[PDB]
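Chains as they are written, first to last, in the deposited numbering: chain A, 38 to 99; chain C, 38 to 99; chain E, 38 to 99.
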């Protein structure tokens, strides 16, 4: 990187949400339920077998 | 990278959502349910067998 | 990269959503259900067997 300016490296911007989600009922046993706004702003992830920004994520392997 | 400016490297911008999702009922046992806004802003991911930005993700291998 | 400016490297922009999805009922056991807005902004992914931006993703191999 050098004199170059206005670097807009990963940005989550201008997220607006309006929700009238009335009368909800979430039920499970061993599962994953994700609701609502979610944002990540990673820039560099390294490593073999590395998991980044996992939502609604399930692992049951050996 | 050099003098070149206005670099717009990965950006999630202008996400607007309006939801009137009334009378919901989510049910499971070992599954994954994802609802709502989700955004990621990764730039560099390295590594063999690396998982990035996984939603509604299921693994049951050996 | 050099003096060249206004680099618009991967951007998710201007995402608008209006939803009146009333009277919903999601049910499963080991499956994946994804609902709602989802956006990713990766730029570089490297690695053999690497999974990027997986939604509604299922793995049951050996």
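Positions of the beta carbon are idealized from the N, C-alpha and C atoms, including for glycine.
Straight through space, the alpha carbons of residue 96 of chain A and residue 52 of chain A are spaced by roughly 30 Å. DSSP lists A:69, E:69 as the beta-bridge partner residues of residue 69 of chain C.
The residue from A:80, A:67, A:63 with its alpha-carbon nearest to that of residue 72 of chain C is A:63.
Shown here, residue 57 of chain A sits in coil according to DSSP, grouped into three states, outside any helix or strand.
Excluding residues up to 5 positions away in sequence, 78 lie with their Cβ nearer than 7 Å to the Cβ of residue 48 of chain A in the same chain.
Leaving aside the five residues that flank residue 56 of chain E on each side, none in its chain has a CB nearer than 6 Å to its CB.
Residue 44 of chain C and residue 45 of chain A do touch by the CB rule: their CB atoms are close to 6 Å apart, below 8 Å. In this structure, DSSP gives residue 74 of chain C a state outside helix and strand, which the three-state scheme calls coil. Annotated three-state conformation of residue 81 of chain A is strand, per DSSP. A straight-line Cα-Cα distance of about 21 Å links residue 84 of chain A and residue 98 of chain C. By the C-beta density criterion, residue 92 of chain A is buried, having at least 16 other C-beta atoms within 10 angstroms. Going by beta carbons, residue 74 of chain E and residue 54 of chain C fall inside the 8 Å limit.
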